[PDB]
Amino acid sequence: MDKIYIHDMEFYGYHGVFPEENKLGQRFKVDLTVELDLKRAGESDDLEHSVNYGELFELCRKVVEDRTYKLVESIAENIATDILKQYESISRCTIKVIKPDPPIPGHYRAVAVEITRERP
């Protein structure tokens, strides 16, 4: 359907399987897509018929910076969960969590996880 995007949110977090990651921290990034009907928000100009994109950013910050998991998968799942419980008007969401500076000896732009979740 229609979509709200938040591109390239950047947080400093302490996620990781290695304990050294858990105390040093590192950049994390998230690309958020939520699907919902925006027709009537665009015709009414009434934010209350949509989802305040600023709250969606806050929801992500809460998971990435105020929680510590081992896997980036858990970052994605928890963000997707929090979105669907709090915003009923959202039907599906696609969350991409990016680790641009992983502890991999090599040369690459980033590693990331991407999930899509909707309502049973």
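Numbers follow the displayed sequence, beginning with 1.
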Which of 23-31 and 40-48 has higher mean CA B factor, as the PDB entry lists it: 40-48
Between 59, 95, 75, 84, let me know which has the highest C-alpha B-factor in the entry? 84
Relative C-alpha B-factor of residue 4, binned into the chain's lowest, middle or highest third: lowest
Entry-reported C-alpha B-factor of residue 80 relative to its chain, by third, is middle
Would you check the entry's CA temperature factor for residue 63 and let me know if it's in the chain's lowest, middle or highest third? middle
